[PDB]
Amino acid sequence: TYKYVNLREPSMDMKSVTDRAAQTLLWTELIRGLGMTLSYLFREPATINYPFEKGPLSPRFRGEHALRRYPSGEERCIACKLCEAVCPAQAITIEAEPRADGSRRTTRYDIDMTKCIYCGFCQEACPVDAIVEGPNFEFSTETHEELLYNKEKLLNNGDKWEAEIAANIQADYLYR
Amino acid sequence: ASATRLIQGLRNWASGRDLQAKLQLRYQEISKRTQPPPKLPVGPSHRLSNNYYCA
Amino acid sequence: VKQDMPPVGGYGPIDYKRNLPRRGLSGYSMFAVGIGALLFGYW
Amino acid sequence: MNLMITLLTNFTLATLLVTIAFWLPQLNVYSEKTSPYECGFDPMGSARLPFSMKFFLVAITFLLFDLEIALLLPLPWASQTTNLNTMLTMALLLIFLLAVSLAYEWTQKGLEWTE
Amino acid sequence: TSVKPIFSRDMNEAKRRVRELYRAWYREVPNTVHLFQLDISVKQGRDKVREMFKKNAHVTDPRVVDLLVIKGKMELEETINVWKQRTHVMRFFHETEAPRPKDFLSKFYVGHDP
Amino acid sequence: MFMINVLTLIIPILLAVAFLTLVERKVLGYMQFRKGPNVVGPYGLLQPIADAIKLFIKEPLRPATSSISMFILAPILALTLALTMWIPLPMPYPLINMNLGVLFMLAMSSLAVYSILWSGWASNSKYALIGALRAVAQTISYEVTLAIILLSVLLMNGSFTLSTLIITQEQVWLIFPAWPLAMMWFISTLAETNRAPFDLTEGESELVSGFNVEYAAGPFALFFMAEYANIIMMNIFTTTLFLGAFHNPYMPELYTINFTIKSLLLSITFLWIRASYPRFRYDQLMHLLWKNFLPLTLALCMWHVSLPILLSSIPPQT
Amino acid sequence: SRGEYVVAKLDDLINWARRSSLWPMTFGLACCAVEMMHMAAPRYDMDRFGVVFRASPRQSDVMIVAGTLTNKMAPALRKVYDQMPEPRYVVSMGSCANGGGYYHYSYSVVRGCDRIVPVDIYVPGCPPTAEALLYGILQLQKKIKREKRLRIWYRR
Amino acid sequence: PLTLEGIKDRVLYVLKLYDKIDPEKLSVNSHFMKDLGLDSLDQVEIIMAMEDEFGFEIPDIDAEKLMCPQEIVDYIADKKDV
Amino acid sequence: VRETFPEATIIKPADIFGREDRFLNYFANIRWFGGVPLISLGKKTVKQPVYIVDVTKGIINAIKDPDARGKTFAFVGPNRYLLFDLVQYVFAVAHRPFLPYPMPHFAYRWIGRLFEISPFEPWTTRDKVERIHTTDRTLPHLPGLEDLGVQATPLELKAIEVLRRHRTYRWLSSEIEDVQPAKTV
Ligand SMILES: CCCCCCCCCCCCCCCCCC(=O)OC[C@H](COP(=O)([O-])OCC[N+](C)(C)C)OC(=O)CCCCCCCCCCCCCCCCC
Ligand SMILES: CCCCCCCCCCCCCCCCCC(=O)OC[C@H](COP(=O)(O)OCCN)OC(=O)CCCCCCCCCCCCCCCCC
Ligand code: SF4
Ligand code: SF4
Ligand code: SF4
């Protein structure tokens, strides 16, 4: 159930002593290493041509946040604050009130994308699939406060990426 | 996999191993990106009888 | 039920041992090639 | 004459690639960029302290084997002489004396480093 | 009321250790101004050492002042060895902080803190 | 018209350095299963121009603690000695035909150490001084065999003349009679030029950058191009020593193309040894060139003295 | 005019030379150093973009703060940044280097390296993918491309 | 080390280079704490100025017993010949 | 500015010094030109420089003062120097050799047109020549730093902080207790 790495005594007949001395004087293993490096020289390299080719992803992928809507236009967030209660970085800040037609909807729904740890607890705690963590990951900013998303930026990410988020959730939701 | 047989043979000679049997570049043999919908099995306590929580 | 499961007969064999296949000439042949190159150069 | 022109040309466009390297860009010098580099933090004392040489006996012996290649160097010329047994004997005696010196520095553990 | 000491059996050995620590800091300050190449005088650093020692001049418990001597010698070990930098030495000079309002009227004017 | 000859020597061997940076990065890339630079030009052919223009428009940064006269004088001497070791090299006819050109190459190998040396000392930093004295610990190891190997390879030539070293190898390559001297000379030129596995001065993982850890861009380019000029010059010198080609006196271009492709194969071999090995501890360097290469080099020196006497094959000095 | 064309083509030349020869320094801090190494890995391969490691700050262009900046290494980050020649750039990688991150309310975390160094590009993620870090580097190259140094100098 | 008078005058020179003590009240028999109005650390840096000037290390238990410059010059007389 | 904004707070600094100034760094970066030329050895003009943190504290305490509306302030230092002993003190903090020589009207207005011949930043200009050799006026009627509650910091506390950048290496690690201060007037 155990093995001894490096416990081989070298043979001491004239054949193997001459082989080790030719290895010392004629550098067998150094030519072996050069042969392996030359063997990787003649290969097709694994470099994809980004930004024209994209690395492979799964429909489970956790990128930029987005608030979804029902297939009626009504947004799914009903202000229940499970996503900010489960959020391990406390990046989510929610404040709500009953709106003009008496519905439990949010007024403030902020996700600080510089606190957020992209772990997808908010999308798996959300009981109505409102907040999801979408497939975009190329959303770098030149300014720090552009990564402080309010409700309007999250709703625009939802209305931007819904045609892809709906298909990822459609391919994935049976595992949840 | 498109390496010509002279370069393929030189590359096998330089490594000393058979390299086309074990390629570190992936091709058609890997799984499909679009998988059929699954059916996950339920646990042992998904029962309607003899399933009290206290036991 | 449909689930990520291995196939019926199991997966194939997966090698895991050291495979350094001992290529190259012996010592005496390499010394003979080298000394022959020396003698041709000297002549 | 041509050698001095070549050396002057090489020195000239060595120092013409330095004066277009200092006088071309835009400089913003302040007294933290010109500080000594010691991997983010300050150097604990100056670099002008004695940085002790452990390979010192080999460093002396470089000077006594560097004279050997001032002695052994006319051997492509000294083979052209008409006193060849004596030349061969003195040549192999000088390489043998170098080898006896190296063997004595071997056995007295002088090529090994201190500490 | 029978507790276990640290180094000092009473207040006299404790004041002896405080006095040796003050001697050590007073010797250290000119080298601290020199090798860190600070922008203060040596007398200003000695004034800051005096203020940091007079900050704790009210304690009559031997274990507490033993721990203060231990923490001060840890500060001194981080000063003699260049482990602190110019920033960690100049954190004792609260320079970038504005002077807080001390009287009641300006604290009333600017905020709610008593 | 000789000034035109000097300029047509020293400008293409700066452009060869420039495109050697691209060759180095792409061959090092494909040997490491990645790609090299291929975005900046057509398959990378314009990457060295950007790498060259970027360094001469970046801030020069003379340090505070530096001895500024030596700090600026060291890369000047680096690039000067990078250029002036090409002038006795027969291509098939050298720029400056020297009777004693081999010792000129050896003396300017010795003088080039003061570039790294005064640069590491003058930039008053600690990693710079460590790299500057590991340059001493490497130079006292390679120079004490670099002379005897090069001495023994000229005992079959007849003189210290580089131009006669083409006539010498008209029948056979000189790597056939002296392949131990060749495979030891190649390692001594690896250790000479601070190329891996003998980096040890610009040691990226022991030191930060070693002797030029303070040299910002502009003065830093004249060590980078000096090192690459030394490797191209040194593979050309190794090609002239051991792999000399056919010289048609009426057609010099045959010899020029032939030793060009041979020196390119030796430079690719430098890049291919750099892409495969770990790096020495620099005592194991000193316990190599003194304890392994120097006794065998003295033995081969005795052999190549006594062997032209033995076979009546003493070469002419004329 | 003529001189506007001259300084415009010289700006395009120097912006090309500076965006296609970015030399980042070897500077990781935390988990994001692993994904920065994967941005150097043979799949994504920074080196094809002219993006190659230089270990010293004197010989480097952009400082990728990749990881968590604590209170103990804030002056080390600042002195590394100061010992970079100008032009020097900063790419912020990961949430802790952006805004404090998962350790935001900690006693010993500098809440973003924008408190310490001026930051050009913010790359978001915990960690961002190596594809997203390469996106941030290409956006830094786009930011260098539209610089107007000599055009403003000829117009000032 | 030569004379007692030079040592006493050198103690006075040390304490007139010192900035907190009133030079008017500064006498050989003046007490540091209750007359010159000094903190204990002020007396400690007086002792360290004596160490800087005279050139011999003064321990703790025999420097706390130095509450006037007459005790200082007597202690310097005890550790030397004069 | 006064006649189009009646409540304008106009502030008069005399000579501002700091890490990135062009007052002490102007004096310290003329060493390899030949020996710091002056008019009448620079001893007929009197200056009082002001420190930039005091200027900034004065500007911001004028922001927070409603009683600074319409006022005109004159931010000056606590001590008045000549120009010659000022340049003495600048080269003495920088630990540099000091070999002055007088330079009259005959060509020191022509070193202006000698030293803006390139379209870069001119190292010195004739306006800078006329302003270095212009004395600072004393206006007792205008309020200053102390009338805004800002303590004017002298040059003997911050000249080391400005001028440590110009010491070569052989006197970098020195002290602030090395230089005897410049004489006031
Ligand atoms: C110029 C064109 C190319 C030339 C050929 C070279 C191409 C291949 C290059 C490979 C990459 C090498 C990179 C650097 C490697 C550095 C490490 C290394 O190899 O160190 C050297 C190593 C060192 O070995 P080591 O490191 O194991 O040292 C052993 C040390 N002890 C025992 C203490 C542990 O080998 C040598 O020193 C060999 C030197 C050359 C030997 C030549 C022998 C010729 C034959 C002589 C006669 C023999 C028979 C007897 C007489 C018979 C008479 C009839
Ligand atoms: C000894 C041999 C030494 C050889 C050294 C050089 C080796 C490499 C040679 C070059 C290889 C090809 C390089 C091609 C680069 C890309 C050219 C190009 O198309 O640039 C496009 C760019 C912008 O064009 P624009 O009009 O804005 O496009 C918008 C279109 N809607 O337009 C521009 O940027 C403007 C045009 C610039 C063209 C530059 C081309 C390269 C010049 C390199 C210098 C050397 C020239 C030859 C010297 C040796 C022979 C004398
Ligand atoms: S992914 Fe995690 S850290 Fe980010 S908002 Fe959701 S719960 Fe919070
Ligand atoms: S996003 Fe979901 S979990 Fe969060 S408050 Fe809205 S409905 Fe609840
Ligand atoms: S932002 Fe997060 S994942 Fe990234 S380095 Fe920081 S702690 Fe690690």
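Scroll up to find the structure this text is about.
Residues numbered from 1 in each chain as written, not as in the entry; some residues may be left out. Chains lettered and ligands numbered in written order. Part of a larger assembly, values for the part shown. Heavy atoms only, no water.

Digging into the overall build of chain B
Helices and strands together make up the secondary structure of chain B, namely one helix and zero strands. The C-alpha atoms of chain B give 25 Å as radius of gyration, which overshoots the globular expectation for 55 residues (10 Å, by more than 25%). With respect to the principal axes defined by its C-alpha atoms, chain B has extents near 70 × 25 × 10 Å. A total of about 5100 Å² of accessible surface is found on chain B, and carbon and sulfur atoms cover 57% of it. (Helix = DSSP H or I, 4+ residues; strand = E, 2+ residues; numbered from the N terminus. Rg over C-alpha atoms; globule rule 2.2 N^0.38 Å. Areas by Shrake-Rupley, 256 points an atom, 1.4 Å probe, with all protein chains shown as cover.)

Structural notes on the interface of chain B and chain A
Taken together, the contact between chain B and chain A spans 15 residues of the former and 13 residues of the latter. The tally of links from chain B across to chain A stands at zero salt bridges. Counting every contact that joins chain B to chain A gives two residue pairs in polar contact. Its residues placed into classes, the side of chain B that touches chain A shows ten nonpolar, three polar and two charged. (Contact = heavy atoms within 4.5 Å. Salt bridge = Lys/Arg side-chain N within 4 Å of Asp/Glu carboxyl O. Polar contact = N/O pair within 3.5 Å; in protein donor to acceptor, adjacent residues only side chain to side chain. Nonpolar A, V, L, I, M, F, W, Y, C, P; charged D, E, K, R; others polar.)

As for the pairing of strand 2 (residues 89-93) of chain G
For a regular strand, side chains alternate in direction, first toward one face of the sheet and then toward the other. Residue and element names in this part refer to chain G. With five of five residues buried, strand 2 lies mostly within the body of the structure. Of the two faces of strand 2, the one carrying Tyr89, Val91 and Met93 and the one carrying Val90 and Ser92 are both buried. With five bridges connecting them, strand 1 (residues 62-66) and strand 2 associate as parallel partners. Following the sheet pairing, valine 65 is matched in strand 2 by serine 92. Crossover handedness for the path strand 1 to helix 3 (residues 74-82) to strand 2: right-handed. Relative to strand 3 (residues 121-123), strand 2 runs parallel, the two sharing three bridges. Following the sheet pairing, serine 92 is matched in strand 3 by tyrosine 122. (Buried < 20%, exposed > 50% of the residue type's maximum accessible area, 1.4 Å probe, protein only. Pairing = 2+ DSSP bridges. Right-handed = clockwise from strand over helix to strand, strands pointing away.)

Overview of the interface of chain F and chain D
Where interface size is given, it is often the accessible area lost as the parts come together that is meant. Listed as interface residues are 76 residues of chain F and, on the opposing side, 63 residues of chain D. Across the chain F/chain D interface, buried area totals approximately 6200 Å², and carbon plus sulfur atoms make up 78% of it. Linking chain F with chain D are two salt bridges. Two residues, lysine 291 of chain F and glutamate 112 of chain D, come together in a salt bridge whose shortest N-O distance is 2.5 Å. In this structure, the connection of chain F to chain D is made through eight residue pairs in polar contact. Elements represented by at least two residues in the side of chain F that touches chain D include exactly helix 1 (2-10), helix 4 (68-83), helix 6 (113-122), helix 7 (126-152), helix 10 (221-242), helix 12 (282-289) and helix 13 (293-311) of chain F. Here the side of chain F that touches chain D takes 14 residues from helix 7 of chain F, the largest share from any one element. Across the side of chain F that touches chain D, the residue classes tally to 55 nonpolar, 13 polar and eight charged. (Buried area = accessible area lost by both parts, 1.4 Å probe.)

Re the sheet that holds strand 3 of chain G
Residues and elements named next belong to chain G. Judged by pairing direction, the sheet is parallel, and its three strands sit side by side in the order 1-2-3 without closing on themselves. Each edge of the open sheet is held by one strand with a lone partner, namely strand 1 and strand 3. On average, each strand axis in the sheet is inclined to that of its neighbour by 20°, with strand direction left out of account. Packing of helix 5 (residues 130-145) onto the sheet brings it into contact with strand 1, strand 2 and strand 3, and relative to strand 3 it is tilted by some 165°. (Axes fitted to C-alpha atoms, helices over the stretch in contact; angles between N-to-C directions.)

Topic: the packing of aromatic side chains
For the coordinates displayed, the defined rule picks out 39 aromatic pairs over all chains. Plain terms: the ring middles of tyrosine 215 of chain F and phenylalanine 223 of chain F are 4.8 Å apart, the flat faces sit at 65° to each other, and that makes the pair edge-to-face. The exposure class assigned to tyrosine 215 of chain F is buried, which follows from its relative accessible area of 0%. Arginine 76 of chain A extends its terminal NZ or CZ atom over the ring of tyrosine 70 of chain A, reaching a point 4.5 Å from the ring centre. Over the aromatic face of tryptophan 106 of chain D sits the side chain of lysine 291 of chain F, whose NZ or CZ is 5.5 Å from the ring centroid. (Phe/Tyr/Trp six-rings, centres within 6.5 Å; stacked < 30°, edge-to-face > 60°. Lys NZ or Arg CZ within 6 Å of the ring centre and 35° of its normal.)

Digging into unusual backbone geometry
For the bond running from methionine 91 of chain F to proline 92 of chain F, omega is -15°, close enough to zero to count as cis. Structurally, the position occupied by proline 92 of chain F is in the loop between helix 4 and helix 5 (101-111). Of the consecutive residues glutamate 86 of chain G and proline 87 of chain G, the connecting peptide bond is found in the cis state with omega at 0°. In this model, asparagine 50 of chain B sits at a positive phi of 55°, which is unusual for a non-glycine residue. For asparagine 50 of chain B, the location among the structural elements is in the segment after helix 1 (5-15). With a relative accessible area of 67%, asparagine 50 of chain B lands in the exposed category. Of note, the phi angle at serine 40 of chain I is positive, near 55°, even though the residue is not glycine. Positionally, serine 40 of chain I belongs in the loop between strand 3 (37-38) and strand 4 (46-47).

Some words on the site of ligand 1
In the neighbourhood of ligand 1, 20 residues make up the surrounding shell, with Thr24, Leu25, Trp27 and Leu30 of chain A together with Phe293 of chain F lying closest. Residue neighbours of ligand 1 fall on chains A and F, so the site bridges chains. Here an oxygen atom of ligand 1 sits 3.1 Å away from a polar atom, N or O, in the main chain of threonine 24 of chain A. Within the complex, the protein chains bury 61% of what would otherwise be the 1400 Å² of accessible surface of ligand 1. Sorting the residues of the shell around ligand 1 by element identifies helix 1 (14-26) and helix 2 (28-41) of chain A together with helix 9 (179-192) and helix 13 of chain F as the ones contributing at least two each. Looking at the shell around ligand 1, the element that brings in the most residues is helix 9 of chain F, giving six residues. Considered class by class, the residues forming the shell around ligand 1 number 17 nonpolar, three polar and no charged. (Near = heavy atom within 4 Å.)

Notes on the nonpolar core
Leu75 of chain D together with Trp86, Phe237 and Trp290 of chain F are the most contacted members of the largest nonpolar core, which has 135 residues in total. With 15 residues, helix 10 of chain F is the largest single contributor of residues to this core. Beyond its immediate chain neighbours, meaning those up to four positions away, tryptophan 86 of chain F contacts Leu9, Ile13, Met91, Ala229, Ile232, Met233 and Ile236 of chain F. Counting 39 residues, the second-largest nonpolar core is a separate cluster that includes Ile94 and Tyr149 of chain A together with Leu77 and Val119 of chain G. (Core = buried A, V, L, I, M, F, W, Y, C linked by side-chain atoms within 4.5 Å.)

Remarks on helix 1 of chain B
One full turn of an α-helix is made of 3.6 residues, so residues set three or four places apart face in the same direction. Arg11, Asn12, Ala14 and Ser15 of chain B are the residues of helix 1 of chain B that are buried. With its buried residues spanning 165° around the axis, helix 1 of chain B presents them on a single face. Exposed residues pointing more than 90 degrees away from the buried face of helix 1 of chain B are listed as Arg5, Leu6 and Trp13 of chain B. Those residues of helix 1 of chain B that are buried lie in contact with helix 2 of chain A. Following helix 1 of chain B by one or two positions, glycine 16 of chain B has its phi on the positive side, about 90°. (Arc of directions from axis to C-beta.)

Things to note about the sheet that holds strand 2 (residues 92-98) of chain A
All names here are of chain A. The strand order across the open sheet built from three strands is 2-3-5, with neighbouring strands paired in antiparallel fashion. Bordering the open sheet on either side are strand 2 and strand 5 (148-149), each of which pairs with just one other strand. The strands touched by helix 5 (residues 151-172) within the sheet are strand 3 (104-112) and strand 5, with strand 3 carrying the most contacts at an inclination of about 90°.

Some remarks on the arrangement of the chains
Of all 18 pairs of chains that touch, the greatest number of contacts is found between chains D and F. Regarding chain B and chain D, the two do not touch, and the least distance separating their C-alpha atoms is 38 Å. Contact between chain F and chain H is absent, and the least distance between their C-alpha atoms amounts to 32 Å.

As for a nonpolar patch on the surface
Together, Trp23 of chain D together with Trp32, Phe33, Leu114, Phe115 and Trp123 of chain I make up a nonpolar patch on the protein surface, roughly 760 Å² of accessible area in all. Residue placement: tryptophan 23 of chain D occurs in the loop between helix 2 (19-22) and helix 3 (56-65). (Patch = residues over 30% accessible without salt bridge, like charges linked within 9 Å, V, L, I, M, F, W, Y side chains within 5 Å.)

Focus on helix 1 (residues 11-35) of chain E
If you check helix 1 of chain E, its first and last C-alpha atoms are 35 Å apart, about what 25 residues at 1.5 Å a residue would give, namely 36 Å. Maximal helix bending in helix 1 of chain E amounts to about 35°, located at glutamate 28 of chain E; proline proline 30 of chain E follows within four positions. Turning to helix 1 of chain E, its buried residues number three or more, namely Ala14, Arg19, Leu21, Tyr22, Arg23, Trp25, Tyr26, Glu28, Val29, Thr32 and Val33 of chain E. On the buried face of helix 1 of chain E, the contacting elements are helix 2 (42-54), helix 3 (62-80) and helix 4 (86-90) of chain E together with helix 2 (40-54) of chain H. A positive phi of about 40° marks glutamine 37 of chain E, the residue just after helix 1 of chain E. (Expected span 1.5 Å × (residues − 1). Bend = angle between axes of the 7 residues up to and from the residue.)

So, the environment of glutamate 214 of chain F
Relative to the helices and strands, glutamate 214 of chain F is located in the loop between helix 9 and helix 10. Judged by its relative accessible area of 1%, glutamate 214 of chain F falls in the buried class. Sequence separation between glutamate 214 of chain F and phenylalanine 71 of chain F is 143 residues; the distance between their C-alpha atoms is 9.7 Å. In this structure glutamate 214 of chain F touches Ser35, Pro36 and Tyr37 of chain D, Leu61, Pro63, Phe71, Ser123 and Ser125 of chain F together with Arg58 of chain G, once residues within four positions along its chain are discounted. Side chain to side chain, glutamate 214 of chain F and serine 125 of chain F meet in a polar contact 2.4 Å long.

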